[PDB]
Amino acid sequence: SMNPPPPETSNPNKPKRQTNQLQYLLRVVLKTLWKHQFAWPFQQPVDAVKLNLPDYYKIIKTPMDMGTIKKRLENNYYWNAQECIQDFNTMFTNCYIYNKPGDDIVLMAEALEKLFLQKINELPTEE
Ligand SMILES: Cc1cnc(Nc2ccc(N3CCN(C)CC3)cc2)nc1Nc1cccc(NS(=O)(=O)C(C)(C)C)c1
């Protein structure tokens, strides 16, 4: 049943930075993916209660979603771009772990992942 607390979006004792890459990750990469027709399952933490998936957080112990990432970027939570890319990678990987190849949700993630890889290919060099 119940949902866990969502991942933190602020941590006062974590060092933070703004870099041009992190700017780009928010203004271009996240904001492009966000507007995609297949984005909505990934825009917030999985609501396992509403979905009647009581084993979701039994299996997925490092949950991640674009809603969390968006807020992290907005709050300058990250030290560098790679920390943020890792959160995207976790989100995709979680999807592929929990679901079956060819499930609709996997097709949705895959469309987003392909687009994600296209967009980070154009990440500007650091500073
Ligand atoms: C990111 C993600 C990864 N995996 C899955 N798997 C999944 C979802 C639904 C099902 N159904 C199976 C039988 N059926 C009757 C109910 C549900 C099976 C597997 N889902 C995801 N995201 C995702 C998929 C569908 C719906 C929502 N909505 S949500 O969590 O309430 C909100 C609006 C907060 C994002 C969110």
Side-chain angles (χ1 to χ4, degrees):
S1 176
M2 185 33 186
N3 293 316
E8 65 184 21
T9 57
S10 59
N11 185 335
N13 283 333
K14 179 186 188 302
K16 342 208 279 195
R17 278 193 321 184
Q18 251 283 246
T19 73
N20 67 322
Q21 298 176 334
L22 281 164
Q23 292 180 23
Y24 178 88
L25 274 169
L26 175 54
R27 170 184 84 84
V28 181
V29 177
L30 182 295
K31 276 319 306 179
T32 300
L33 260 67
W34 193 269
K35 292 181 183 180
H36 197 276
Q37 55 177 328
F38 293 161
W40 63 265
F42 306 93
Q43 285 175 339
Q44 306 164 261
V46 169
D47 186 345
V49 176
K50 195 182 79 189
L51 293 170
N52 194 22
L53 299 173
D55 65 8
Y56 184 86
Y57 291 107
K58 258 62 172 186
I59 294 166
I60 298 306
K61 303 307 205 185
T62 305
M64 185 60 50
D65 67 279
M66 294 201 300
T68 295
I69 292 171
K70 178 167 184 287
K71 279 167 174 161
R72 284 175 173 198
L73 286 165
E74 290 172 346
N75 301 340
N76 299 313
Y77 174 92
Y78 298 111
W79 183 257
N80 61 27
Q82 186 49 60
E83 290 181 346
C84 176
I85 292 164
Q86 183 51 69
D87 280 347
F88 274 101
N89 287 342
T90 296
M91 179 182 83
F92 296 125
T93 299
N94 287 345
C95 185
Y96 303 147
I97 287 170
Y98 182 79
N99 305 279
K100 304 288 147 68
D103 286 347
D104 277 357
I105 187 67
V106 169
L107 298 172
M108 288 170 105
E110 279 170 353
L112 300 175
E113 191 186 358
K114 183 178 179 180
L115 174 58
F116 178 71
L117 295 165
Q118 169 176 339
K119 289 282 167 188
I120 55 176
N121 200 241
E122 310 299 334
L123 202 72
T125 72
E126 213 194 22
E127 313 297 66

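Residue numbers count from 1 along this sequence. When a ligand or atom number is given, it counts from 1 through the structure's own listing order.
- In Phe42, the part holding a heavy atom less than 4.0 Å from any atom of ligand 1 is the side chain.
- Here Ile105 has side-chain heavy atoms under 4.0 Å from ligand 1, and that is the only part of it that gets that close.
- Note on ligand 1: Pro45 sits in its first shell, one or more heavy atoms being nearer than 4.0 Å.
- Within a 4.0 Å radius of atom 13 (C) of ligand 1, the protein contributes no non-hydrogen atoms.
- Looking at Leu53 against ligand 1, only its side chain comes within 4.0 Å, counting heavy atoms.
- Considering both main-chain and side-chain atoms, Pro41 comes within under 3.5 Å of ligand 1 through a nitrogen or oxygen pair.
- Put simply, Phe42 and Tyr98 are part of two different groups of oily side chains (I, L, V, M, F, W, Y) that touch within less than 4.5 Å, one to the next.
- In this structure, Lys70 pairs ionically with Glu74, as a charged nitrogen and a carboxylate oxygen lie closer than 4.0 Å.
- Comment: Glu126 engages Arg17 in a salt bridge, judged by a side-chain N to carboxylate O separation of less than 4.0 angstrom.
- Atom NZ of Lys61 has more than 12 heavy atoms from other residues, nucleotides or ligands within 6.0 Å.
- Within the 4.0 angstrom cut-off, atom 33 (C) of ligand 1 has one or more protein heavy-atom neighbours.
- Under 4.0 angstrom from ligand 1, there are no non-hydrogen atoms of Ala109.
- Contact annotation: the side chain of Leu73 approaches that of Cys84 to within less than 4.5 Å [non-hydrogen atoms, C-beta and beyond].
- Looking at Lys50 next to ligand 1, an N or O pair under 3.5 Å apart turns up.
- Using a 4.0 Å cut-off between heavy atoms, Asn99 contacts ligand 1 through its side chain alone, with no backbone atom that close.
- Heavy-atom contacts from other residues, nucleotides or ligands closer than 6.0 Å to CG of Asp47 number more than 12.
- Panel note: side chain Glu83, backbone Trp79; a donor-acceptor pair is recorded below 3.5 Å.
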**Request:** Please test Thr68 against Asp65 for side-chain hydrogen bond (donor to acceptor under 3.5 Å, both in side chains), starting from the C-alpha separation and ending with a verdict.
**Result:** CA-CA 5 Å; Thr68 295; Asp65 67 279; 2.6 Å; yes
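- Below 3.5 Å of separation, one finds an N or O of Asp47 facing an N or O of ligand 1.
- Contact atoms of ligand 1 toward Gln44: 33 (C), 34 (C) (distance under 4.0 Å to a heavy atom of the residue).
- Taking the side chain as every heavy atom from C-beta outward, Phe88 and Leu30 approach each other to under 4.5 Å.
- Ligand 1 is approached by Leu51 to a heavy-atom distance shorter than 4.0 Å.
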